[PDB]
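Asks: Have a look at the structure that comes next, please.
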Amino acid sequence: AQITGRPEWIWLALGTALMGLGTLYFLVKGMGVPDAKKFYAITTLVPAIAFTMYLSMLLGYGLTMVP
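With full-length UniProt numbering as the guide, the letters of the sequence shown map in order to residues 15 to 47, 50 to 83.
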């Protein structure tokens, strides 16, 4: 879809925002108010990694990050 059928950049931005808030929320849960500490950390950094990847992606193209 070189004709840009949809703003995947915006969709990515939204997805990154969601993932970000998700990571923060997960960290809050981890803070306090199943297998290993490492596993739990990764599980709590699931949204953190997702956000990082999405941020790197949007940055790669330079659409939302570089309007």
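Heads up, the beta-carbon is just placed ideally off N, CA and C, and yes, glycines get one too.
1. In three-state terms, what does DSSP make of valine 47?
2. Comparing C-alpha positions only, which one of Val47, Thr80, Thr68, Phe55 sits nearest to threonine 37?
3. State the DSSP-derived secondary structure class of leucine 61, mapped to helix, strand or coil.
4. Beta carbon of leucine 41, beta carbon of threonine 60: below 8 Å?
5. Considering only their Cβ atoms, is the gap separating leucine 74 from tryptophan 23 smaller than 8 Å?
Replies: So, from the listed chains and residues:
1. The residue labelled residue 47 in the question sits at position 33 within the sequence shown. Residue state, collapsed to three classes: coil.
2. Within the sequence shown, the letter at position 23 stands for residue 37. The residue with the shortest Cα to Cα distance from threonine 37 is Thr68.
3. As a first step, residue 61 must be located in the sequence shown, where it is residue number 45. DSSP places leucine 61 in coil when its eight states are reduced to three.
4. As a working note, residue 41 is residue 27 in the sequence shown. As a working note, residue 60 is residue 44 in the sequence shown. Yes, Cβ-Cβ distance for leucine 41 and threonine 60 is below 8 Å.
5. Against the sequence shown, residue 23 aligns to sequence position 9. Against the sequence shown, residue 74 aligns to sequence position 58. In contact: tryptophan 23 and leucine 74 (Cβ atoms closer than 8 Å).
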